[PDB]
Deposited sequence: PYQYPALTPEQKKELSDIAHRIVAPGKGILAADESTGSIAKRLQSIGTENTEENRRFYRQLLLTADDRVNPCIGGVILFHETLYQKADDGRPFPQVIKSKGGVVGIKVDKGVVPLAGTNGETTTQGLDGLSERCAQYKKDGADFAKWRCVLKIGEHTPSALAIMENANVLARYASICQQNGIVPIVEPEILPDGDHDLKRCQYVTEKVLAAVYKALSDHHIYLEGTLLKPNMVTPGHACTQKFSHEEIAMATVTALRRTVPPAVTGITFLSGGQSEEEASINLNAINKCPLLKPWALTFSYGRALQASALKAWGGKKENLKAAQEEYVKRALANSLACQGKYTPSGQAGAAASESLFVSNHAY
């Protein structure tokens, strides 16, 4: 192996600085990047809704290190003329942009997918950087079943994530690597922990093969939870131990932060589990915070709605510090 350095020290410093800004203590990410099809529905109601979240009062400023936007929102303005990226920065936030182009089927699999979006991505990134964005989001989707995720699905999704990260970093953009393992199915907590550990190991091997600068990245994994259709109830402390155990086994300390997606978890469930993860009594050498979409937005008449959002922002700000409130076989040796 012979190095042709991907990044200069200045580019590295820029990327590490951004990543640390996003996940600073008490800060997490508003995921407002739903597509037109997802948000469903007119361009003005979309703009007004974004404006509602993005202009909530200043209690949110210390809670929100970053906001992920959809391409359209990135180019809209608030009522006062200010471009939404300027609104976010003026409140202490970093602007992010979703850059993938959705999932597509893998032939020869049981409905597994990879994600597309690499074509002309460098030129898109360079333009987004100019237009005020400093980090990006790309979502791969995996499913636990009898024979999934398959080796093909794991390899290909990890490979496309590494390509995406590489292109972003060449453009001054911090990549959020999102390998979402879906909660569908009847598998228990142990099986989710196992699959998560295998998927993340493949992701970090791929990132290394593609020469990624881990200090200028973030990870957006699922928490480790039973399948939606498992009927065994698991405690918040078990969810936290399994999640932190899987992360400790796979995620190098150099990764700057881990911004959990919420999945199907209610607003309060998502805050409680994030808090439990931060109280877990194992060494956790990275920020453990939130990148929540619906679990920050569901309770969010203009001013009432904003209060609902601020309340959840404040709650998760506390949870990502362990400060939130709403025998061998129980020890960490059982994970």
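Against the full deposited sequence, the model leaves out several stretches, namely 41 to 49, 310 to 318, 345 to 354.
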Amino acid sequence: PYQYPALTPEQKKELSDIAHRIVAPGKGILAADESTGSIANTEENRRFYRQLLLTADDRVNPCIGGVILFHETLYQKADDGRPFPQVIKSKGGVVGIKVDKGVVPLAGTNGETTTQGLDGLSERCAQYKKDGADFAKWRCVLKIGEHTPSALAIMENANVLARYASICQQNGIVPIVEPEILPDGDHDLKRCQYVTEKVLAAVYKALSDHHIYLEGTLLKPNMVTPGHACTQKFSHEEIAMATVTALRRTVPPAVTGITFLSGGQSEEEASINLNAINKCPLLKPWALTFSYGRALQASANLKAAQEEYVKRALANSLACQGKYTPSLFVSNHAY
From here on, numbers count along this sequence of modelled residues.
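Just going by the entry, 186 to 194 versus 89 to 97 on mean CA temperature factor gives the higher value to 89 to 97. Checked against the record, the higher mean CA B factor of 52 to 60 and 281 to 289 lies with 52 to 60. In the deposited coordinates, the residue among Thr245, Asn159, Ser150, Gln76 with the greatest CA B-factor is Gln76. In the PDB entry, the Cα temperature factor peaks, among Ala276, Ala295, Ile39, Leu30, at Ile39. When all modelled residues of the chain are sorted by CA temperature factor, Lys311 is found within the highest third. When the modelled residues of the chain are ordered by their C-alpha B factor, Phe260 lands in the lowest third. Among the modelled residues of its chain, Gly102 has a C-alpha B-factor that falls in the middle third, as given in the PDB entry.
When the modelled residues of the chain are ordered by their C-alpha B factor, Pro252 lands in the lowest third. Among the modelled residues of the chain, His211 sits in the lowest third by CA temperature factor in this PDB entry.
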